[PDB]
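Before any questions on binding or motion, here is one chain by itself as structure tokens, the form deposited in one PDB entry.
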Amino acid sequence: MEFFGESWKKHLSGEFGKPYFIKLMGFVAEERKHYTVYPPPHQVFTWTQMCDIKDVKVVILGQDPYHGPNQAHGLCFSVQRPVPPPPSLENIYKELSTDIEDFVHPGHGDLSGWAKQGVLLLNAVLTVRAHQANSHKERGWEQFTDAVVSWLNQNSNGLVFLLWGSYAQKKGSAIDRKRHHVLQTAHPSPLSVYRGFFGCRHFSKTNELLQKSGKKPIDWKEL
């Protein structure tokens, strides 16, 4: 379908004709008739547009999109200019400031620079009704993003999965740990950031894992 990266479409378009996905599309379409639904249709699949599916090297799993105006744009945790970084992303930046040498908080919260380097920023649920968190849960999105995680698990090699919080750790609980790397900690949200996220050093740990497997590390400063 429209706005779906070609290499991603080549491997995942078998989901589109399945009954669960057809029903999911009808629900989202009906929701957009009566409510503002985030992100806009052309940004629901931004995570397929930043790099080829075979160039993915790091996977950060999220839950729900941001539900405020101009926030969500199809990459988890990210916000387009000139929206200020929400609290979870500010804590991510704060951890980077102690984890990565000379990291610079750029002021904005657009994580496209990471996505183009092969950092997949995948929410488990890809739409949300405006101002109503989790409103589109359990409608088909989870099964679809499960298929994405399952494809990467089976087809890629040496990925680093960053699983922050209980929801993400469950979604990635079937990842082959002999084939891929799994780092787990608390969610960077202010509700849980002091429960393990601060000090987790996942970003430097990710690059060491990448380099040891002969892959180019992420420049977390390139934003």
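A residue's number is simply how far along the shown sequence it sits, counting from 1. Heads up, when I say rigid core I mean the largest set of C-alphas that superpose within 1.5 Å between the two forms.
- Superposing on the core and measuring CA offsets in 7 other deposited structures of this protein, the stretch of 147 to 155 and 99 to 107 with the greater mean deviation is 99 to 107.
- Averaged over structures and residues, the CA distance from the shown form in 7 other deposited structures of this protein after a core fit is larger for 185 to 193, of the two stretches 185 to 193 and 58 to 66.
- Relative to its counterpart among 2 to 10 and 213 to 221, 2 to 10 has the higher mean temperature factor, C-alpha atoms as listed in the PDB entry.
- Just going by the entry, 77 to 85 versus 104 to 112 on mean CA temperature factor gives the higher value to 77 to 85.
- Sorting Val193, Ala168, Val58, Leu183 by the CA temperature factor given in the entry leaves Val193 at the top.
- Highest C-alpha temperature factor among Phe27, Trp47, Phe197, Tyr38 per the entry: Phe27.
- The entry lists a Cα temperature factor for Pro69 that places it in the highest third of the chain's modelled residues.
- Among the modelled residues of its chain, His34 has a C-alpha B-factor that falls in the highest third according to the deposited record.
- Annotation for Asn123: C-alpha temperature factor in the lowest third relative to the rest of the modelled chain, per the entry.
- Looking at the C-alpha B-factors along this chain, the one for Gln117 belongs to the middle third.
- Residue-level temperature factors show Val148 in the highest third of its chain, judged at the C-alpha atom.
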